[PDB]
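Presented below, as structure tokens, is a lone chain in the form deposited in one PDB entry.
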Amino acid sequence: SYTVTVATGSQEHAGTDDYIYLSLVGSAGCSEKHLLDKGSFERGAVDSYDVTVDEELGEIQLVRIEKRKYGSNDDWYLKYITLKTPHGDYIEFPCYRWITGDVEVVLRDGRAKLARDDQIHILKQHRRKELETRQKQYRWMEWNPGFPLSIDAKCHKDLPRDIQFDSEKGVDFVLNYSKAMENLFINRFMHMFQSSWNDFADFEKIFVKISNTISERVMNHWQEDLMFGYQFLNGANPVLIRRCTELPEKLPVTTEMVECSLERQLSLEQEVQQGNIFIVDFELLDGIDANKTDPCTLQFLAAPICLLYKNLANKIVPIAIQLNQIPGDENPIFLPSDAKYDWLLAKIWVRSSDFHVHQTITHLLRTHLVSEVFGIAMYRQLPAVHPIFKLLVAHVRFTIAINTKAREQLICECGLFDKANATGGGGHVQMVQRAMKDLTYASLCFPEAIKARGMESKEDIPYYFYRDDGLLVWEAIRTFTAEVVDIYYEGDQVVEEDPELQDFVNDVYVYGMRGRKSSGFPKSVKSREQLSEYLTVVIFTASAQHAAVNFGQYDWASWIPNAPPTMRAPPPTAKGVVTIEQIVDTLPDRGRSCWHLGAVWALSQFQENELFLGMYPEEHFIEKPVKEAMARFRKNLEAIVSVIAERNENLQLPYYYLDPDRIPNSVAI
């Protein structure tokens, strides 16, 4: 007799009352269909049955599951099935899928296999038919012109059940944003799009009720040059600043203009040569359409150039700001020596520009859309039994779902994104298109990305915590993927000859990245080392990178003056005119402020049962060597947690974002 154990998921709607039939596919043969229990498989339940067979089957190759309607359709989430055979063998069959009753589900045992491992028809047939089904199920589509290709579905409910959120409205922008505004006691402002705050105190009264540790600090110090500069290294969008190797001709700033800022008795030009000058250049925003979806509110964008300076205390501070790209009499170079509110407003404009690039490029394009490309390629080209599928499936969990929700509710035409954002209404689509033209594989390789911006020296630039922690997590993942690769690939030739791996890599290149020559993405992978790097790009982007740029949004943007989602007047074209009252009226109205707060709060939340880096409750892998690799991965992450903990004890303002205990496995929000 076989002992057959069936485990139902613990999600809300995991249970089913329908009929479940099970049969066993063996070498010598097959078993008859067996109806199970005629009862209910409740959520969280494990059901085991005693099954005697009418024939000796030999070694079990596959388990088939079939769900038939009893009443109405009732989704069933199947975690796994295990067998205890007459011969005393214990076999596990990982599933972790929604069974809708539409189709039969056929499972391999959990041992990871390359195509070259399968030689008998039973297995080859199953493998090929699985991929045929996958490629009918998961298809590419161009959502907007020039975008990376994404899933062929126009709304969340159109997705295959297997890649939907566990609930339909569980993670939902419309609902989550509105609940957020309720929790922040700002519900009453949700429509006040024509009302400015009376003054900073007016917003402050609203804000102190809902501030956390960091945003309260921002409230108290946002006007300081030190805190302005700090954010380029350790804020929510610490990926733009680079070391200037020569002053741009489009920024005609002189030593005499910034002499008061310089502390080494050197000319500006010589400070550049010493590597003490840094720059943030928002040329990408130049020519982007401003939000016009509200005809009663004019909104405005800039494209600033910010020149920064590493002072004697090794802090990077702003010394000059030109708010538009082309120099001229109506495009002043503002300085910390200007009138109080001239310099402040200039900084605010830079902060606003930083927020635009963060939301659409750093966050949306470079973590969300990228991760969806890897995910779709994975589903299309890698069967469940493949070791790379088992490795990566955990790191694209809910990614296609959250992205489809966004395209359905947030960033579509007339979506929520259009309410508060100056780039809303088409501008954000333009940014993605233009950034895509310059998106490279190298720029996703963390250590290379840091060096490409000239920010790698810990000696010259000691307070770049995003860099430090990022490098540690990157290496931890690189070590882990390398061990996994070495377990299932005996050499480089085996990697090169893996046809499914090549098709995976090829799908990312041709469809995901549109077959763009300058993308730098591999067309194929032909060594264990190259494969390891590739897998690290996928996992790091999906986990660490997304965490670093996502979960600090409320911390840094909740005090709106430090991250305005829009501006209601053009950049000042002259000095000595701006007043504090004008600034208040330029900042977002109460309405757009409300939606802004709601959004950045909602996006910064962890789920109650969030899965963090290295947590793999879904045992797709069942073999001991890889389990031990995972164990070492976890131990390495713990060591990093301690490193970061000790580093943060000596900081004015702890940088927590890349603490592995706080890094989710995947892009899920």
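Each form is matched to the other, and the largest set of C-alpha atoms that superpose within 1.5 Å is called the rigid core. Shifts are known only where both forms have a C-alpha. Numbers follow the displayed sequence, beginning with 1.
Although not depicted, the form deposited in another entry is the subject of the following passage.
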| query | finding |
| --- | --- |
| Residue from 448, 497, 202, 130 whose Cα, after superposing the rigid core, lies 2 Å or more away between the shown form and the other one | 202 |
| Core-superposed comparison between the shown form and the other one, residue 301 Cα displacement 2 Å or beyond | yes |
| Rigid core fit then residue 156 CA moved by 2 Å or more between the shown form and the other one | no |
| Core-aligned C-alpha movement of residue 386 between the shown form and the other one, 2 Å or more | no |
| Moved residue ranges in sequence order between the shown form and the other one, Cα 2 Å or more, at least 3 long, core fit | 180-185, 194-206, 296-301, 590-592, 598-606 |
